[PDB]
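First up is the structure itself, then whatever we jot down about it.
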Amino acid sequence: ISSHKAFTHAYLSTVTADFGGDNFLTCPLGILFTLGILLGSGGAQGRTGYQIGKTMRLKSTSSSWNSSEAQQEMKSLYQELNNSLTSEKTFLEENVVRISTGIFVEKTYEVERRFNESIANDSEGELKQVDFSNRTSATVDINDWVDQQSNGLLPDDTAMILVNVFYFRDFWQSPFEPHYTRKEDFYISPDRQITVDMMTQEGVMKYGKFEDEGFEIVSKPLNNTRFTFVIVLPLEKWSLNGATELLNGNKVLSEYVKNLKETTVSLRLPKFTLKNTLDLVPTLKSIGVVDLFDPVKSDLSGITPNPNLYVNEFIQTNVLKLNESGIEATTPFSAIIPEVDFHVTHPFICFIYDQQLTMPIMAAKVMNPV
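Note that the sequence shown covers residues 16 to 107, 111 to 172, 181 to 357, 365 to 403 in the UniProt record's numbering.
So this is what it looks like as structure tokens:
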């Protein structure tokens, strides 16, 4: 198995465990790039960099710590994935995918020239020194950075904060007609129904029913058709069924996506937008990245001669906005009689799926569209 897919699985089986009762939204490759940057840049050394490499499932760290080889292998992976994703274009002429890592370090810390240059020479990475002693101004700086990356959509004794932003944006290959959007009931649970703006369309799309796992799936392509929006809909309204195994990665999404067939579908789909902020430190500790987060053990000598530099917070902030135009987008009845109804009227799991990487770059559970 490829390293980044191994990471992705470990990360998803852990992080999804505690969200049985919430909306959930995450982008696993942004965690990989942000983590990876510290090792790829020479920043993380000794056992701190080694842990990163193991969790990343690198060859150079398979059986021993090999600091130069590991950094090279990590930088190369990171860059390959970044190049692959940011090469995808969309005409509004923008990037379909925007990857952003902000490294926020207390201004007191001295910053090795080699690191500073490595992060400068890094496209998606940015180092920002900041006064963590003045809480209000530090907060401002960060909020501004985030605001700048999201196109607007969005302690004390803090040494360092890492912030990952993963922005995906494209039109549907085949957009919904708004005139067909109407209010409809959405079943959350026995004691909860809400009214949603329900988009509707009849169309050709990839579809499959998986009776034994208790769900069905459609794939609705984005305009850059390397990316598709995959909806996983439980066969009944009361339970997620096997759909949780695709979200946590125990079941391999690409194996399901490969088996869908072209079909005429009556599709109903809520318009919604999820926002969220994940604290990844506990999950990352849980999957093997420990020294990075600890004042005593932390070895960031590649970043600063000043010891005691460690990461206080590692935060991913995400947005999933779906509407008639597309994802994070802005802008007659069919003569067809569809073979299949796909009416998204109860909680579902969805993905932005990458057809080249054959993996999801965004994983989400939607229990309560709002």
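By construction, the Cβ of each residue, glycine as well, lies at the ideal position given by its N, Cα and C atoms.
Taking the CB atoms as reference points, tell me whether residue 132 and residue 45 lie closer together than 9 angstroms. No, the pair does not count as a contact, with Cβ atoms beyond the cut-off.
What does the Cβ neighbour count give for residue 161, buried or exposed, with the cut at 16 atoms within 10 Å? Exposed, since its Cβ has fewer than 16 Cβ neighbours within 10 Å.
Which residue wins for smallest C-alpha separation from residue 54, given the options 47, 48 and 64? Checked all of 47, 48 and 64; the closest Cα to residue 54 is 64.
Strictly by DSSP, which residues pair up with residue 296? Residue 296 is bridged to 224.
Measuring CA to CA, which of 52, 218, 273 and 343 is closest to residue 326? Shortest Cα-Cα distance from residue 326 to any of 52, 218, 273 and 343 involves 52.
Return the CA-CA distance between residue 209 and residue 246, expressed in angstroms with no decimal places. Answer to the nearest angstrom: the Cα atoms are 22 angstroms apart.
For residue 249 and residue 198, which I take to be in contact (beta-carbon distance under 8 angstroms), what is that distance rounded to the nearest angstrom? Yes, residue 249 and residue 198 are in contact; Cβ-Cβ is about 7 angstroms, under 8 angstroms.
In this structure, does DSSP put residue 126 in helix, strand or coil? Under the three-state reduction of DSSP, residue 126 is assigned to coil, being neither helix nor strand.
Out of 26, 294, 23 and 39, state which residue places its alpha-carbon closest to the alpha-carbon of residue 302. For the residues 26, 294, 23 and 39, the minimum Cα distance to residue 302 belongs to 39.
At the level of alpha carbons, what is the spacing between residue 31 and residue 269? Taking the straight line from one Cα to the other gives about 12 angstroms.
Close-in-space but distant-in-sequence residues of the same chain around residue 190 (CB under 6 angstroms, 5 per side omitted): Correct list, in chain order: 45, 49, 119 and 342.
Can you give the beta carbon distance from residue 273 to residue 382, rounded, assuming they're within the 8 angstroms contact cut? Right, their Cβ atoms sit about 5 angstroms apart.
Just curious, the beta strand (DSSP E) that residue 254 is in, first and last residue? For residue 254, the enclosing beta strand (DSSP E) covers residues 253-260.
Let me know the secondary structure DSSP gives residue 59 once reduced to three states. In the displayed model, residue 59 falls within coil according to three-state DSSP, outside both helix and strand.
Please tell me whether residue 371 and residue 384 are closer than 9 angstroms, where the distance is taken between their beta carbons. Pairing residue 371 with residue 384 gives a Cβ-Cβ distance that is not under 9 angstroms.
If you reduce the DSSP assignment to three classes, tell me which class residue 167 lands in. In the displayed model, residue 167 falls within a helix according to three-state DSSP.
Would you kindly work out how many angstroms separate the C-alpha atoms of residue 59 and residue 212, rounded to a whole number? Note on geometry: alpha-carbon atoms of residue 59 and residue 212 lie some 48 angstroms from one another.
Residue 255 and residue 100 - do their beta-carbons sit closer together than 9 angstroms? Not a contact, by the Cβ cut-off of 9 angstroms.
Ignore the nearest five residues each way along the sequence and tell me which others in residue 77's own chain have a CB closer than 8 angstroms to its CB. Nothing meets the Cβ criterion.
Report the three-state DSSP secondary structure of residue 155 (helix, strand or coil). Helix at residue 155.
Can you tell me which of 185, 20, 75 and 354 puts its alpha carbon nearest to the alpha carbon of residue 156? Distances from the alpha-carbon of residue 156 to those of 185, 20, 75 and 354 put 185 closest.
What is the C-beta distance between residue 24 and residue 275, in whole angstroms, given that I count them as a contact (C-beta under 8 angstroms)? Taking the Cβ atoms as the reference, residue 24 lies roughly 4 angstroms from residue 275, within the contact range of under 8 angstroms.
Measuring only the C-alpha atoms, how far is residue 354 from residue 91? Inter-residue distance for residue 354 and residue 91 is about 30 angstroms (C-alpha atoms, whole angstroms).
For residue 198: DSSP bridge partner residues: Bridge pairing for residue 198: 248 [DSSP].
Would you mind working out which of 107, 380 and 140 sits nearest residue 258, comparing C-alpha positions? Among 107, 380 and 140, the Cα nearest to that of residue 258 is on 380.
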